[PDB]
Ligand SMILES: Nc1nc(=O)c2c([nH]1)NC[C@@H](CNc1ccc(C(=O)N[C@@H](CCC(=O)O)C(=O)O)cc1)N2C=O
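Below sits a lone chain in structure tokens, taken as the form deposited without the ligand.
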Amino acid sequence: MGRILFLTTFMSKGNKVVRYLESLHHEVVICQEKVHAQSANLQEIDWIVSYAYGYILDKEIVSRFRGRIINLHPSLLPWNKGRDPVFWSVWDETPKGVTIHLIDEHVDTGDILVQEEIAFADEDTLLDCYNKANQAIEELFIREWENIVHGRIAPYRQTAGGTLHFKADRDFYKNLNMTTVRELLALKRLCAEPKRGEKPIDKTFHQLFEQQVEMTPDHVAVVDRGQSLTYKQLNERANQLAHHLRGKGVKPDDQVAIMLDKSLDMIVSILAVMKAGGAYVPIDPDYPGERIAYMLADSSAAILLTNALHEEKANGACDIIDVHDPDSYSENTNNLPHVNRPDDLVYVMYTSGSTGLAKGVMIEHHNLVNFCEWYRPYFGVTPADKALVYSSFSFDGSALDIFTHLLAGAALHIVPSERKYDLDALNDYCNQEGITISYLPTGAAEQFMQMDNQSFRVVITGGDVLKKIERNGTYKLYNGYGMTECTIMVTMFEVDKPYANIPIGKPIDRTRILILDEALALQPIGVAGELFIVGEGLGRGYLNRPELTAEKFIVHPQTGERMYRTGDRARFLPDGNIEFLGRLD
């Protein structure tokens, strides 16, 4: 009949298409490589049929064979042009079908000959989809071939729009081939990029705090033993000190060290540093003098807010400002002119030097603002609540204590030394004062479940594996995961039942968790892998450690996004909650 060139790389040589064409007495030449005009495979060729051909025909060839190049593309063109059509058909959630079209001067854009719809079952695998489509289009070709040879089909131009994909676009999804349709789309919801319409955070913390002061100025803000400050009182005193600081040269991104024991002066100092424009570097005064001397040096802190008691532990490291000297406070009680942006430093905390020397973790305002903006509505915090300043102010767990509740109008209650380790005593305080919400490390939180409590409405815990769930009170328990580098915490779970492994929940606001293999490629739901963090949580990095910063804050090779690699193992559950599975090594 005629000699037909059959171009293809992925399909076999005994296709139902080739056999059918052969059955009509056509000599079918099978070529699976790029060719040129001189190729002996283009000799006496009546028709060219391409089917999953991974190369481009030269324009010289397309011109000579105009109207005689027929392509089998398993998609509903213009949807899913290019490579991996069936896969992106499912992922991008586009219309589905198979198209037999003419080949023109571009990628899968030529006019259509025949096209029909196709359906994939929710429980079909992507491989099943790939095969169901290849079989459908092969049958369509056999059915409509005669109509195409006699050129009685009027080719119609493709609808406007569609999508296009390239060979490498599927690299990130290389492990999803044996996944189910609905199992794949589930993974899409959990890990797909942010939706449209989002705007960057436009507020700093002290900006929002000054707002909260105007709303609840006379409400109690912080308590320590018998003494207390209201939102206005606290705000005015912090301004007085902030004015003095900014007058001593404090500028945005400057680090100011604070060295105090838990007290009202600590809260004033922290805010005062913020309002002045700097970022506070907390230094526990009980730390060994070695750590203190090193923290003060590695940090660029030119100023140190401290007592006269702990003044000598600096060994003259920097300019001292006595929080108890009236000369350290200005007359001006008014808020200062704003000079910060959400991407300015807000605080710098050092991780315990378990491995190697301690590193200074930088955190920006937008990092802290996002956490508090999520914390308030998630736990329904109102000015009626009262929370504990439990954790050492050198740990990011203290940021949860102080900063979240202050923006909700609640009241902070400083936890002194005598009721830090003695949790039974701390329990009585909570019932006395009516403490309603606080965060307790996994350890202390587990012991506190023994005590009888009627005050707490909610308690949050995290930092280690939360094995024990039984507790006497009536309050909700929450498990939270995260590290200092991504601001306090990134996921939250409400503990409703007991669990063998207790999940760490779903991501907070404007954060995304990805479970990746050793090649940084997505892992299907239920498969373990290194947990990666993306979004508003990621801080600036490690202070004066750019090489180490780049090691942990990566630019992904495929999606090009900035992610923090935790070094933790985890796996998604079918209901969206995350399961922690210990460290990597």
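Note that residue numbering follows the sequence shown and begins at 1.
Another form, the form deposited with the ligand bound, is not on view; read the next lines as being about it.
Site status: open, since the ligand, placed here by C-alpha superposition from its pose in the entry with it bound, has no atom within 2.4 Å of backbone or C-beta atoms. Contact with the ligand in the entry with it bound, defined as any heavy atom within 4.5 Å, is confined among 178-186, 97-105, 448-456, 272-280 to 97-105.
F166 belongs to the set of residues with a heavy atom inside 4.5 Å of the ligand in the entry with it bound.
Put simply, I56 is close to the ligand in the entry with it bound: some heavy atom of it is within 4.5 Å. The ligand is not drawn, but in the entry with it bound it has a heavy atom within 4.5 Å of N71. Proximity of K386 to the ligand in the entry with it bound falls outside the 4.5 Å heavy atom cutoff. Proximity to the ligand in the entry with it bound, taken as a non-hydrogen atom within 4.5 angstroms, holds for one residue of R83, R510, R471, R237, which is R83.
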